[PDB]
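# Dropping in the first section of the assembly, placed as in the complex:
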Amino acid sequence: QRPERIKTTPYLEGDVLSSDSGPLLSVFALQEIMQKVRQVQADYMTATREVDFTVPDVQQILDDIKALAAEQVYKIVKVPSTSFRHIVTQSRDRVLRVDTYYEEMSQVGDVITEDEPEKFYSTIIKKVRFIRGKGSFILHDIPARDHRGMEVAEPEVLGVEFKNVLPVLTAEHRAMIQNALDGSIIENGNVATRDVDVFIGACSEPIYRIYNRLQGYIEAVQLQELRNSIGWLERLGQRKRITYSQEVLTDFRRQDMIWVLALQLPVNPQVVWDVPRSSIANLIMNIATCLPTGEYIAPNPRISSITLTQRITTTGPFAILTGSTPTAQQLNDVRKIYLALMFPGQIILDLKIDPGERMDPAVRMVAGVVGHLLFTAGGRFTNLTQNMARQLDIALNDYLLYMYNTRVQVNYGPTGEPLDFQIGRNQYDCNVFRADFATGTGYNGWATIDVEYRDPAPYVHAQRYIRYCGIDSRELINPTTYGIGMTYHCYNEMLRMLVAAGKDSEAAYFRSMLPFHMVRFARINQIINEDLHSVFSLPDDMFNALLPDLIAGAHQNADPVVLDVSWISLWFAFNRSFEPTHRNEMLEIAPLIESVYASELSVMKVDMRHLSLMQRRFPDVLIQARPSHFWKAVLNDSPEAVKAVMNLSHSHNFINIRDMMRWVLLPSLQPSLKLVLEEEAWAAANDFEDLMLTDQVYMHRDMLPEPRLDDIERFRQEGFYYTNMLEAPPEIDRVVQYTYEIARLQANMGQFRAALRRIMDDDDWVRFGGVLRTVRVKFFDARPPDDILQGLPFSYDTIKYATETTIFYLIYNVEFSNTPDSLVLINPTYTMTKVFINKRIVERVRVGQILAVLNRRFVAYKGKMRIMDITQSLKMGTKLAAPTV
Amino acid sequence: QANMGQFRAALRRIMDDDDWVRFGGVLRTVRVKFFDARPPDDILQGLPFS
Amino acid sequence: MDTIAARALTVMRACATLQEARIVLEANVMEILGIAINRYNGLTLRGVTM
Amino acid sequence: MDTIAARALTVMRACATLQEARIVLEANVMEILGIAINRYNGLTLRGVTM
Amino acid sequence: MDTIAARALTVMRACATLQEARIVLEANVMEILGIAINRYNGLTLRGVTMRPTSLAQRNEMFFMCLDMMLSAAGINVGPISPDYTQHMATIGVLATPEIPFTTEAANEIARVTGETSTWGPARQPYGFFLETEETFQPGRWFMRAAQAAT
Amino acid sequence: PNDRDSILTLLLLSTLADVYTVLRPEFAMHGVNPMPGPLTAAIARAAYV
């Protein structure tokens, strides 16, 4: 029940002081850092954009992320979206099909303008997103009808709207189509068992693409993937010494259940640490997730004073140690200390001075010593600030030199620098307890190894595992070398000095305290490299970089947080030990949360990536650009929780254009179902015509086709539709190419019209390249609005490019009262704008040809089966019966 | 074995083979009872596992 | 027809990636065999496993 | 300079993928042709399609 | 075992794609490269960068490929440089099923192990009577004693 | 050669060779003395014992 918590002797059983937890400290941390800044900026002359350093709710943000595992991308339907529609002309032999997709796509984002680039970006995203959504199909349970020994699909599961047409059909055409309908069968049909139904139904290409990629995933990603990921946790379980269940995972898959895993477990360390200015946020996350709950223990009162007689008792040299904790004002100030060493060189310590509260200078002595044997300024990593250390050496020095008893021989050194002397009747340098950061000669692990790389780590950012004073937690489980001598070098030398110089009376206190001290440290180690190494842990790279970079004052992206303490607190921190109680509940689900974060993260990166290229793809569309724009629009359409994790440190108001560019260009990604879909849908997006915005926009003075009506019944022709959408572009040599700039200039000079007119008169063409334009498709029964026929691809109020560009389809309808020439006018009606897409949006069809659309594959899970997403079953305490590698 | 839905099957075959099986290697407390007639199925067919 | 051959080729080439049982495959492979095996097992009615 | 050649190469090898009419382009390919044609047509002013 | 080779191979061919990457195209590769480099850097304790630029970084990455290449070949070169040292641990990095390999690498190996393990008919390179000690003048008659056909 | 290890080794080296090319590694090697002058067929001929 209590593995190492087993208290053998009363010596460890002290009183209870306070207690902390993950969510407790995580908040406190932020708070302290935020006060820091206000208190300085608000205090001194400050000049910068205003930021509201708020301490957000860590729990609720976390809980919101855990809520994401639920949100599924795939959507289960029983019938596919329409895809195709038929619009009837006066004709009875011909109709026109429309690819619904294109219409919907037509009206997705806002109109495109060279003015708002941000508008543009989101407009694209929305469009891409649209595709991805329109593609996440499943097709469970289909309307299988029986017909002549075969099971066929009901016209509802196909991809067409033809009901409109039916009434105008020739007995012949009707029949043909009927056969086509009961034509598409369920392939396997007569088999029972089955599991899946295969039919033929029609579908818009881009959408199909997604459906397929998805379908593949769900069939590729099964047991094994799941198996691995769980095994990973199963492995991390051992590193964190998890209490295990009596259950096991049978890789038994029911014939009903098709699994849908959305996130794999071994998470890519980098995606988390790639996020610019993450350091703080990450750290806090590390706390809030992995930092367990525990209580601070006091030593035994018997360690100092002991009763010999009702009248005779010993007195500890530090009677001052009866001071009741300097409010939370300083109690919290102790929490800083603990938390600081619990996070290697990630958090540094510094003095802090309220010119008020008058303390007895003795506090400095004690703290001078204490600081030296409880903080690690070891040349491996360091806990304290450069000046912080000096003050402790001066505290030490000042006090080695304060002799309340008979004075000893102090043989000073040539340097005025503190600790040059050699107090002791046997000399002994005090120069040793100086303060070299590259050596760590004064404070902790001065002659010790505290960074022990060893064993392959379940995480991989950090393979290191910290040994404060070279005490492995194991020494608790089973001792290493007696109880008499536990002494590590420094604490030992400290004693020797205290003796030689001042006095034993105090050195005795520390002598007896020693075990309590090391125990506290052993536990600390355990907690660090065992209980809390998560993704947010921090790579050894940056760790090792900290110390030297601190000395040179580089620009460590992971600038350590400098916390300010209180002289008093050291005493208090020294006399409290912290003993963990329960591991925070967040722990067992931690990895999952991590996966969610990381994967959602990468997805954004992907989006942003392609958007940066946009500027280079069509430099004319977005002149006024800036990366912040897209990354802002991306951040916009992505999940709050994630964004908040990034903004814990309030980084968003600091990340410079360059910083973000680097992150986009960084190439570490975390795969997820969402990821692959987004990327795939994203890929199809590269077409642009599939987005409904083209460069192919021309002008060419054209007559409105006024035909001769000699055989009205012969207008069963294609009802003579018109349309400005070009069958194919004009001969490239006959086209005058125009640029944003060219048009702009000519217009500003007031020559644009003239030139344009001339071109029109010469029966030549003119293309307006560079800009995209949203394209819309409208259909008409008769003579549409002039602002449409003679509509132009720009405003004239300076020449404003782009605009909407309407592709119309004018259907000619006529009654028997129409004279052959009745359609002619003394003067022609002109149409200028024309567009080209090389995508069969609206197409003239026969009638019997209507059903040709079918084409597409289609696999639909039989009604019998149950699709379940095994994504939230990634808890840590789950063991499998089939061990895996 | 149970992971392959072979556990029960395996045991059955071993029993059918007259061969003996012995789970664990743990100590287990021993109880001693006397009966005047046909004991409870719990005692007769009580399996040393779950 | 060229396309047909290119596909058949691509598939086989990808099947050649299955040297072991547990090993993780390159996403490309998964995508290929995923779709392939689906439509294959679909019209084939046989039971091929990734 | 190697990069330059490799690019031009990749593009051609990519254009080579266009056999049948209705075939869905390899995801990877479209990312290429998309960028290419956009940039090219940008300089050329011609109208090349994917 | 072959799998190990495929892996190492994949890695190298992949490292040979950073002449200047600027957003790689082959997502496959990246996923693998990242994985590999992390695993490597973890057991190696070295600092291989995804995008080398300095030289020391380039050497580092090279050394890695070298390490893997050697481990894959089952070769222990010993002290051959003051700058490079071979880490045997490298084998333990390629043994991890965590690391994927390209279809290319897979087939490349499959061919090698395939034919290398069996035999097959092949046009030989040199003349049939190449390993002969004695030769005669062409076109010149010669009838060995007692024979009617020589 | 006719054994796996042979063929394989060659392939790995051939590839590692290209990796060497692209990376332009620079380092020492016991018993090797670099001559930085541009390099010619002559200088190379010499290197082959």
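Received, thanks. Numbering: from 1, shown residues only, chains lettered A, B, ... in the order given.

# mind checking the SS state of the spatially most central residue of chain C?
Nearest to the geometric centre of chain C sits residue C:33, at 2.8 Å (CA atoms, centre = their mean). With DSSP: H, G, I helix; E, B strand; the rest coil as the basis, residue C:33 sits in helix.

# Can you tell me the number of residues neighbouring whichever residue of the stretch 751-885 of chain A sits closest to chain B?
Residue of the stretch 751-885 of chain A nearest chain B, by CB to the nearest CB: residue A:881 (3.6 Å). For the C-beta atoms, the positions are set from N, CA and C on the backbone; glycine is no exception. By other CB atoms under 10 Å in any protein chain shown, the residues close to residue A:881 number 15.

# gap between it and chain E?
Look at residue A:881 and chain E: by CB to the nearest CB, to the nearest Å, they are 19 Å apart.

# can you tell me which residues contact that residue?
Residue A:881 makes contact with A:248-251, B:2-3, according to CB atoms under 8 Å, 6 or more residues apart in numbering or on different chains.

# What distance do you get for it to residue B:7?
Here the criterion is CB to CB, to the nearest Å. By it, residue A:881 lies 10 Å from residue B:7.

# Near residue A:477, how many other residues are there?
12.

# mind checking how far the nearest residue to it once chain neighbours are set aside is from residue A:238?
Once flanking residues are discounted, residue A:477 sits nearest to residue A:4: 5.4 Å by CB to CB, 6 or more residues apart in numbering or on different chains. Distance, residue A:4 to residue A:238, by CB to CB: 16 Å.

# with the structure above as the base, add chain G:
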Amino acid sequence: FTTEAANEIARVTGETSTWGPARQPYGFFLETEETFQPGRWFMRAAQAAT
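Putting chain G together with the chains above:
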């Protein structure tokens, strides 16, 4: 650009920029002006080995 294209160029640039040993194409004494009948005795004046 694809890895395929990268390696392709990398190889070209690699080998092209340096030299290496290779089995030459033709017979050694191909660029000879005079040839003597094979198997025919020929001793140049003042020589015991010709």
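
# and the closest residue in space to residue A:883 that isn't next to it in sequence, what element?
Nearest residue to residue A:883, sequence neighbours excluded (CB to CB, 6+ apart): residue A:231, at 7.6 Å. Assigned by DSSP states H and E, residue A:231 falls within helix A:223-239.

# Check which helices and strands that helix sits against.
helix A:590-617 (3 or more CB pairs under 8 Å, 6 or more residues apart in numbering or on different chains; DSSP states H and E).

# and after the helix it packs on, which helix or strand comes next?
Next along from helix A:590-617, by DSSP H and E: helix A:628-637.

# Report the distance from that following helix to the chain centre.
13 Å (CA atoms, centre = their mean, to the nearest Å).

# In CSV, list the C-alpha atoms belonging to that helix.
Output in CSV follows, covering the C-alpha atoms of helix A:628-637 (Å, rounded to 0.1, in the frame of the first residue of the first chain):
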residue,chain,number,x,y,z
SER,A,628,0.7,37.0,-38.7
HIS,A,629,-2.4,37.2,-40.9
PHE,A,630,-2.8,33.6,-41.8
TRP,A,631,-1.5,32.2,-38.5
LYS,A,632,-4.1,34.5,-36.9
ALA,A,633,-6.8,33.1,-39.2
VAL,A,634,-5.6,29.6,-38.5
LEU,A,635,-5.5,30.1,-34.7
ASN,A,636,-9.0,31.5,-35.3
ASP,A,637,-10.6,28.3,-36.8
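
# Excluding its own residues, what touches the helix holding residue A:231? List them.
Contacting residues not belonging to helix A:223-239 are listed as A:244, A:249, A:251, A:253, A:259, A:261, A:264-266, A:457-459, A:530, A:533, A:591, A:870, A:874-880, A:882-885, C:22, C:24 [CB under 8 Å, 6+ apart].

# go ahead and place chain H:
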Amino acid sequence: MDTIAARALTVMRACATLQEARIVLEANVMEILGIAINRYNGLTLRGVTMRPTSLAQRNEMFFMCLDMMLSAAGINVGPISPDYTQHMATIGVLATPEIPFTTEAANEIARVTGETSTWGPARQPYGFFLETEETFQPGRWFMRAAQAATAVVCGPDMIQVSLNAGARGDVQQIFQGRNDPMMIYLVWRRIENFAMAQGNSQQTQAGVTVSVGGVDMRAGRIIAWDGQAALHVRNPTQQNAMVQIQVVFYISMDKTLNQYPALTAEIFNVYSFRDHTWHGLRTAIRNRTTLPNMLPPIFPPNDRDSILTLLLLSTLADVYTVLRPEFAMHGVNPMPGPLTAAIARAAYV
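Take a look at chain H, now in place beside the chains above:
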């Protein structure tokens, strides 16, 4: 790489501990096997017990050791049995740092790799002049035409010089030629009674001296001869003389059977018969190696792989002994009879 072998060794040595149930496992052992067996089963998908008993349970465990042993040796035996199949993946289990190994195994390997990778001085096995085509009768006079002193071979480690009265000369050249001896240990004696060209007895008078590198050396004493120094023999006596110089033994940097502690016994153990199953197995395994499939190599191997393979096979032999596995092999036909030296003899080709 050595680590891999150390593991595979530890595992086998551990399995050998599993004698016949009545055992309380050495706590340490349990831990190791468990980790290994676990990982192995996770890659083999086979059902290996930590405490086998049935037979099929035992076979499985043996098979495991086999798979590991082969993988550690880098051997691919191929289709040799219907009951067993080699899983190449066994290497990946052994490469995982998660499996420990004994200090015993670690040193055992370290020694093999250590010595195998370098050279050293070692007392050679046979007589110096063993690889000689010609030999002369011992004690018989023989003077090559025009020579005053004629040294010649009379045995494997024996030479005798024929000196005329008052004659002298260097002899070292008869020794030199045989590639590389580091220090030859000599001892010369006077042939007090030798045969003459005709057959009559002849005496060698006291006074004949032998000096190496100049310094004069006694008869019947061992001499640290560097093989390079001048081996000078003088005959100040007024009669014919004949002295025998004996190469008691010499040292060279060639690998002997003492390169690795009691290697001999191991080899014996490897080549030993046991039964047809073991025999045939061990045979089939070495067929993949440079080692003689069933007869002790004449010349002690000198490469890591060879020595290693032997050790592994030797241990795997003991495993076979404790486990008593029973399975088939292509071409092996088990004779159930009690087994005699006779039946064994016949098995070796």
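
# Please re-evaluate the neighbour count of residue A:881 in the presence of chain H.
15.

# need the contact list for residue A:568.
By CB under 8 Å, 6+ apart, the neighbours of residue A:568 are A:323, A:326, A:330, A:333, A:359, A:363, A:367.

# oh, I was asking about residue A:417
Counting by CB under 8 Å, 6+ apart, residue A:417 has contacts residue A:434.

# swap in the one 5 residues further on?
Under the criterion of CB under 8 Å, 6+ apart, the contact list for residue A:422 reads A:410-413, A:428-431.

# try it again with 10 Å
A:409-413, A:428-431, A:500-501 (CB atoms under 10 Å, 6 or more residues apart in numbering or on different chains).

# cool, and residue C:20?
E:2-3, E:97, H:43, H:87-89, H:92.

# Go again with 6 Å.
residue E:3 (CB atoms under 6 Å, 6 or more residues apart in numbering or on different chains).

# do residue A:395 as well
Contact analysis of residue A:395 by CB under 6 Å, 6+ apart lists A:364, A:367-368.

# tell me which of these is nearest to chain F?
Out of those, the member with the shortest distance to chain F (by CB to the nearest CB) is residue A:368, at 49.2 Å.

# what's the neighbour count on residue A:413?
Residue A:413: 14 neighbours (other CB under 10 Å).

# can you tell me the residue of chain C closest to chain F?
Scanning chain C for the residue nearest chain F gives residue C:19, at 14.3 Å (criterion: CB to the nearest CB).

# Quick check: nearest residue in space to that residue, chain neighbours excluded?
In space, residue C:19 comes closest to residue E:3 once its chain neighbours are excluded; the distance is 5.1 Å by CB to CB, 6+ apart.
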